[PDB]
């Protein structure tokens, strides 16, 4: 969550302890959902 | 005379550091509960 | 190395063995033999007849076998536990 | 889209990628250098027939000094590029240092024949190694003549490569039993070289060192030196640590590595934070 990872924090053999960062390495990207969680709640609020 | 080496005989397979992970490997090890 | 108030048999507990040395000898070794030392006190005469004491110690030898193991790495990087998946059906499941 | 007209929407045209700023090559700390000084800057030299053989192993052998230095008349490497030694590593290295005549210097090479090549010091046809030689007219030569260096006139058969024969025994050329002494058809097997400072170039004694580099499967003990660069952090860089390479931004980490362990690893099996060979610092892995 947050979609922001410190580049530097990341560079060597430990950061891949952070799996997402490692994924960031090999072209694997995770696009964010268009409807944000906060947004999703509102619907759930409304439908309710 | 024989005894039971219950758990012992485990040494780090390599220099590589790992953390909070379960890493399977096959290496020469003393078998658990082996006869010594 | 660990201090122990062990039974003659080895203590039951888990510990790792860190690598001290890596020697490039590159020699083919078929066999080995252990060496012990004698211990003589002031009282003993120096001669080899019967003035010598081997001491209490005992050692054990086992043999390694290619096996699969699951090593659990701590946050530290030390290995807390291991599972011998060859050992038991419960163990076999653990690796899978 | 392969079209002149584009409908409204969001389209993925290309890929964004930060290019690396610089290249970093690294090898471990320089210490534990092989004693070259003992061989090259040696006080005394052995004879050709029985030459000194000092094995060099368990070190980072820095060849650069020998290649760059002016002091040697010639430096020739058959098997590998002389420039390559800094990069190349060999399982075992043997240094054969001996003093021989200048004219004969050419003989120290693979596939050669002569007094030294056949009887004295023979090299393998395949021989991989480098031969470095220089003059020692100043050191070795004596006005009276420096007899100390001997080579061999007679032998039962030709000498194999790197085989040396120290033996003093009287060689029996003929049928008559020598019984340990010279006489008809009995001669001391070695003859000395008369080097004198007055003599010519060919005549001058030369100290030659040949570094054979046996290559086996066995672990390689003698590797080349480390040409390293400075470490820059917080920048997408192309880094090359001891074993591995990659691009990312090296940052200070808060990881506690064990004294023995060199590299970390991802759960996934990735390269995450590495220990710098020069400084015992732990630097975490970040794709740029």
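To match Swiss-Prot, the residue numbers of chain C are left as they are there, and the shown ones run 207-302.
Looks like electron microscopy, 3.6 Å, at least that's what the header says.
Cβ atoms here come from the backbone N, Cα and C positions, even for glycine.
Neighbour density for residue C:291 (disulfide bond): within 10 A of its CB lie 21 other CB atoms from the protein chains shown. Per Swiss-Prot, the feature disulfide bond maps to C:291-C:301.
The N-linked glycosylation site annotation in Swiss-Prot covers C:234 (among others). Under the DSSP three-state reduction, residue C:234 (N-linked glycosylation site) is assigned to coil, being neither helix nor strand. Around the Cβ of residue C:234 (N-linked glycosylation site), 5 further Cβ atoms fall within 10 Å across all displayed protein chains.
DSSP classifies residue C:282 (N-linked glycosylation site) as coil under the three-state reduction. For residue C:282 (N-linked glycosylation site), no same-chain residue that is 6 or more apart in sequence has a Cβ closer than 8 Å to its Cβ. Taken from Swiss-Prot, the feature N-linked glycosylation site covers C:282 (among others), and the record attributes it to experimental evidence.
Using DSSP to sort the residues of the region 'Disordered' (C:246-262) gives these counts of helix, strand and coil: 0 helix, 1 strand, 16 coil. Swiss-Prot lists C:246-262 with the feature region 'Disordered', giving a curator's inference as the kind of evidence.
For C:280-301, the entry in Swiss-Prot reads region 'Putative superantigen'. If one looks beyond the region 'Putative superantigen' (C:280-301) by at least 6 residues along the same chain, the residues whose Cβ comes under 8 Å of a Cβ in the stretch are 220, 222, 273-274.
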| note | Here the Cα-Cα span from residue C:301 (disulfide bond) to residue C:234 (N-linked glycosylation site), rounded to a whole number of angstrom, reaches 33
| message | Roughly how many Å lie between the Cα atoms of residue C:234 (N-linked glycosylation site) and residue C:291 (disulfide bond), rounded to a whole value? | response | 31
| Local Cβ density at residue C:301 (disulfide bond) - other Cβ atoms counted within 10 Å | 14
| note | Listed recorded positions C:234, C:282, C:291, C:301 screened against chain D; CB under 8 A survivors are C:282
